[PDB]
Amino acid sequence: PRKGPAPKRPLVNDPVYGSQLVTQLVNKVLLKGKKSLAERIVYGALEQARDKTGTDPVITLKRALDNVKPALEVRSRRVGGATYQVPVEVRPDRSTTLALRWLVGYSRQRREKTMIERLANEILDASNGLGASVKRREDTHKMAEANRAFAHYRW
Amino acid sequence: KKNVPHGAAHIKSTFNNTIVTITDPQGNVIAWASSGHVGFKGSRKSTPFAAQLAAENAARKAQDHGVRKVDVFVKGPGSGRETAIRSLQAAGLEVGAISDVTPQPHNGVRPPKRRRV
RNA sequence: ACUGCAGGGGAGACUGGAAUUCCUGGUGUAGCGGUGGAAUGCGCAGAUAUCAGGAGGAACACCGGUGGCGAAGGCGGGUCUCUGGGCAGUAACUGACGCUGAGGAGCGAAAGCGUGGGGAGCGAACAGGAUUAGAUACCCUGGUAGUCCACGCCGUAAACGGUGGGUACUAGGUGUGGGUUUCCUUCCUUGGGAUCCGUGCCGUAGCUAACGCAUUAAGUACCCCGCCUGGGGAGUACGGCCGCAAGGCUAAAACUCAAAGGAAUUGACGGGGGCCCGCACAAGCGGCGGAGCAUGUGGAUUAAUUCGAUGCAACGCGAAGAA
Ligand SMILES: [Mg+2]
Ligand SMILES: [Mg+2]
Ligand SMILES: [Mg+2]
Ligand SMILES: [Mg+2]
Ligand SMILES: [Mg+2]
Ligand SMILES: [Mg+2]
Ligand SMILES: [Mg+2]
Ligand SMILES: [Mg+2]
Ligand SMILES: [Mg+2]
Ligand SMILES: [Mg+2]
Ligand SMILES: [Mg+2]
Ligand SMILES: [Mg+2]
Ligand SMILES: [Mg+2]
Ligand SMILES: [Mg+2]
Ligand SMILES: [Mg+2]
Ligand SMILES: [Mg+2]
Ligand SMILES: [Mg+2]
Ligand SMILES: [Mg+2]
Ligand SMILES: [Mg+2]
Ligand SMILES: [Mg+2]
Ligand SMILES: [Mg+2]
Ligand SMILES: [Mg+2]
Ligand SMILES: [Mg+2]
Ligand SMILES: [Mg+2]
Ligand SMILES: [Mg+2]
Ligand SMILES: [Mg+2]
Ligand SMILES: [Mg+2]
Ligand SMILES: [Mg+2]
Ligand SMILES: [Mg+2]
Ligand SMILES: [Mg+2]
Ligand SMILES: [Mg+2]
Ligand SMILES: [Mg+2]
Ligand SMILES: [Mg+2]
Ligand SMILES: [Mg+2]
């Protein structure tokens with residue numbers, strides 16, 4: 001807003017998987033306050049991820065996010081009679097936020113039957129660099145690397 | 001198939017475009033790759049980014065004719081004027097001296113009328 | 001008149017360099033150009049670029065300014081020839097010969113006109129592209145008259161300091177252009193003091209409706225000239241004079257309105273400026289707009305659909321209870 005930056009909220013570690021990255025994942029899956037339901041989806045998907053790799057699934061999940069973190073996004077501006085995008089460097093806390101929105105966001109429209117197995121398959125494909133959430137990592141980068149000429153419009 | 005060890009690079013930087021040609025000391029063109037040759041069309045040609053890709057496409061095509069050191073003659077009131085001298089350096093050319101040969105008339109010919117934009 | 005001095009003041013002839021454009025040729029090859037964004041256009045039959053040579057016209061970077069000159073319009077590349085005016089000093093000379101000037105006469109930016117040259121760049125008209133509801137415009141790409149020269153005509157500008165010319169007087173402060181002259185004076189400082197002539201800014205008395213002017217008066221006085229008498233109709237008509245024409249100069253009335261104006265004050269407004277806020281946008285999550293139903297409303301229907309609410313700030317509102 002006008003008067004400076006706003007405070008951000010702290011997250012407590014998940015009791016099963018000792019990671020801040022998992023409790024930030026269950027908040028993206030959360031709808032309508034159903035947080036015990038959103039925890040059974042995320043726990044049921046990460047335990048379906050060690051039934052196919054054997055490795056502890058927060059190691060899979062940190063590899064799945066490092067393939068869907070963007071580094072250059074495409075914020076817009078109107079200059080004169082024409083409007084065109086300006087590439088900007090993404091600060092590191094937005095990168096985890098925008099990546100976890102893409103995993104949960106594209107797993108709601110995969111073709112399996114339940115949300116547990118849709119979220120499980122999206123983590124395994126993103127860990128290998130395969131799924132649709134990885135495709136928006138480079139569609140963000142292609143649109144940012146086709147507008148290098150507009151990088152002097154840093155506001 | 002030519003081989004000239006020392007050259008001269010001319011950079012004309014206008015408000016719409018930049019053109020980087022590279023000659024011998026007698027004034028005979030080796031390569032000339034400009035900002036429209038590198039793929040751009042419209043108002044994008046006048047940005048500083050299209051100048052530092054025009055200067056690379058003329059530098060690493062002058063080296064196929066053996067040019068290892070150029071002199072720099074810049075002229076024009078353009079944006080891409082320092083980003084085309086710094087772009088010849090990071091492509092394998094020694095720059096030496098930099099001169100400004102902007103054609104400055106002694107109040108001769110009459111300019112066009114001013115724009116009511 | 002003599003002696004010094006400053007200057008784009010004027011006219012004529014010869015002449016200098018940068019750049020714009022075209023031409024001949026070399027190197028080179030696929031784009032150049034243009035805009036808020038684009039297209040028309042140029043180019044692939046060798047453009048743009050880049051180096052060399054040549055043709056031609058116009059304008060004169062730096063010096064250059066807050067500065068100089070001229071009655072005003074205006075005037076700057078260089079040199080030469082002819083030529084106008086001003087300032088200071090000396091006090092040699094004439095002895096009021098002075099000021100203004102009705103009509104008159106000359107000069108008078110730019111556009112335009114006539115005959116004849118010239119034509120690079122710019123560019124009314126015009127043509128195409130764009131924008132747009134349309135775009136006879138702004139913007140883009142071309143482009144004729146014209147801009148230039150010789151000789152004539154025209155005689156108008158916000159021709160402005162919106163302030164006619166001469167003279168005398170009425171505190172100063174501070175820059176600057178042109179002279180002359182005493183002191184520590186040759187310790188150079190070209191500093192300071194005095195004095196005459198310009199050119200600016202700031203300011204007291206004084207004036208003004210106010211803004212403002214103020215020794216360069218719009219102050220205090222005298223002499224001559226042009227002009228004004230409410231706004232429109234109108235610097236138009238008719239008549240005349242001038243012009244090759246465009247048109248210029250002189251110049252009304254009927255009729256119509258009760259105003260038209262000047263300076264300043266408070267606001268509001270601005271596709272004006274400065275700083276600052278708001279779920280205002282941005283960054284996010286969930287909706288409305290499509291479906292079916294409940295409810296209020298517009299319209300229509302009806303014997304009656306009781307009345308009220310109507311942009312935000314009316315429409316699950318007055319109704320927290322219509323068989
Ligand atoms: Mg002279
Ligand atoms: Mg003459
Ligand atoms: Mg020349
Ligand atoms: Mg020509
Ligand atoms: Mg040629
Ligand atoms: Mg050429
Ligand atoms: Mg001369
Ligand atoms: Mg006597
Ligand atoms: Mg007289
Ligand atoms: Mg008279
Ligand atoms: Mg005359
Ligand atoms: Mg004329
Ligand atoms: Mg005519
Ligand atoms: Mg003529
Ligand atoms: Mg003629
Ligand atoms: Mg035009
Ligand atoms: Mg047209
Ligand atoms: Mg008049
Ligand atoms: Mg004038
Ligand atoms: Mg007058
Ligand atoms: Mg007087
Ligand atoms: Mg004075
Ligand atoms: Mg004053
Ligand atoms: Mg008065
Ligand atoms: Mg009257
Ligand atoms: Mg008349
Ligand atoms: Mg008549
Ligand atoms: Mg007023
Ligand atoms: Mg006011
Ligand atoms: Mg305002
Ligand atoms: Mg929003
Ligand atoms: Mg609905
Ligand atoms: Mg009603
Ligand atoms: Mg309500």
Side-chain angles (χ1 to χ4, degrees), chain A residues 1-9 24 27-35 38 70 73-86 88 90-91 93-102 104-105 108 149-150 153 155, chain B residues 1-4 7-47 50-51 54-55 57-58 61-62 64-65 67 70-76 78-79 84 99-117:
Chain A
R2 304 303 182 111
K3 295 183 180 69
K8 66 184 292 294
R9 301 179 189 273
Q24 186 172 359
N27 294 323
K28 301 289 189 292
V29 189
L30 172 60
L31 293 180
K32 297 185 282 289
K34 303 282 190 66
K35 195 169 184 177
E73 65 179 0
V74 67
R75 296 180 70 191
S76 175
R77 180 183 169 93
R78 185 176 181 87
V79 175
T83 179
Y84 40 75
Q85 288 87 14
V86 175
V88 287
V90 175
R91 59 172 182 169
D93 57 353
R94 178 173 170 83
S95 65
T96 71
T97 298
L98 199 61
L100 291 169
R101 188 187 304 166
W102 287 345
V104 180
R108 289 177 186 169
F150 295 152
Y153 287 154
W155 297 2
Chain B
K1 68 184 289 184
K2 297 185 290 294
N3 192 0
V4 50
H10 300 286
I11 302 169
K12 188 170 79 73
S13 180
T14 61
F15 287 114
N16 289 320
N17 197 357
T18 179
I19 295 169
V20 180
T21 187
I22 291 173
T23 60
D24 57 357
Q26 290 89 16
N28 296 317
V29 172
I30 301 301
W32 58 269
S34 74
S35 170
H37 188 198
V38 178
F40 293 111
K41 191 174 184 292
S43 66
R44 293 176 183 268
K45 292 189 280 188
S46 64
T47 64
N57 200 5
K61 190 161 68 177
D64 292 333
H65 297 281
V67 177
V70 294
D71 289 331
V72 173
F73 297 104
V74 289
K75 70 184 182 69
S79 297
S99 296
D100 193 2
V101 288
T102 301
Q104 196 269 331
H106 294 172
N107 268 112
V109 72
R110 181 174 181 176
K113 68 181 182 178
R114 59 101 174 175
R115 300 178 67 196
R116 289 189 297 274
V117 66

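Reminder, nothing fancy here: chain letters follow the sequence lines and each chain counts from 1. All heavy atoms count here, side chains included; hydrogens, waters and symmetry mates do not.
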Report summary line: note: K41(B), atom NZ; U48(C), atom P; distance rounded to Å ~ 20 Å
Query raised in the report: Using the P atom in both, what is the distance from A304(C) to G289(C), to the nearest Å?
Result: 36 Å
Query raised in the report: Centres under 5.5 Å and planes under 30° for the six-membered rings of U35(C) and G36(C)?
Result: no
Requested in this report: Please measure how far the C1' atom in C60(C) lies from the corresponding atom in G70(C), and state the result in whole Å.
Outcome: 22 Å
Query raised in the report: Taking the side chain of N107(B) as its heavy atoms from C-beta onward, which of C60(C), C277(C), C140(C) lies nearest to it?
Result: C60(C)
Query raised in the report: Taking C-beta and beyond as the side chain, do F150(A) and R44(B) meet within less than 4.5 Å on heavy atoms?
Result: yes
Query raised in the report: Of all the nucleotides listed (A18(C), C51(C), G278(C)), which has the minimum atom distance to the side chain of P105(B)?
Result: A18(C)
Query raised in the report: Which value, in whole Å, describes the distance between the P atoms of nucleotides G43(C) and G33(C)?
Result: 15 Å
Query raised in the report: Which comes earlier along RNA chain C counting from the 5' end, the contact point of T23(B) or that of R110(B), where each point is its nearest nucleotide?
Result: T23(B)
Query raised in the report: Choosing from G34(C), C51(C), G121(C), which nucleotide comes nearest the side chain of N16(B)?
Result: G34(C)
**Report entry** Nearest-neighbour nucleotide for the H106(B) side chain, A47(C), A61(C), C139(C) considered
**Finding:** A61(C)
Report summary line: Walking RNA chain C from its 5' end, the first of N17(B) and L31(A) to be reached, judged by nearest nucleotide, is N17(B)
Query raised in the report: What does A137(C) pair with, Watson-Crick or G-U, if both distances are under 3.5 Å?
Result: none
Report task. Go ahead and name the base partner of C42(C); Watson-Crick or wobble counts if both distances stay under 3.5 Å, otherwise write none. Result -> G31(C)
Requested in this report: Please say which of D24(B), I22(B), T23(B) ends up in a side-chain contact (heavy atoms from CB on, under 4.5 Å) with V29(B).
Outcome: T23(B)
Report summary line: Regarding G161(C), purine or pyrimidine glycosidic angle vs 90° from 0 gives anti
Requested in this report: Kindly check the sign of the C1'-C2'-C3'-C4' torsion at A320(C) and name the resulting pucker, north or south.
Outcome: south
Report summary line: Base orientation of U186(C), chi within 90° of 0 counted as syn, else anti, reads anti
**Report entry** Syn/anti state of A71(C) by chi, 90° boundary around 0
**Finding:** anti
Requested in this report: Identify the nucleotide, in any strand shown, that forms a Watson-Crick or G-U wobble pair with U90(C), with both distances under 3.5 Å; if there is none, say none.
Outcome: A1(C)
Query raised in the report: What nucleotide, of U48(C), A283(C), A282(C), holds the atom closest to the side chain of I19(B)?
Result: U48(C)
Query - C202(C) to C213(C) separation - P atoms, rounded to the nearest Å - result: 8 Å
Query raised in the report: Is there a side-chain polar atom (N or O) of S34(B) under 4.0 Å from OP1 or OP2 of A49(C)?
Result: no
Query raised in the report: Can a side chain N or O of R94(A) be found less than 4.0 Å away from OP1 or OP2 on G284(C)?
Result: yes
Requested in this report: Would you mind calling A283(C) syn or anti? Take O4'-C1'-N9-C4 for purines or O4'-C1'-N1-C2 for pyrimidines, and syn is within 90° of 0.
Outcome: anti
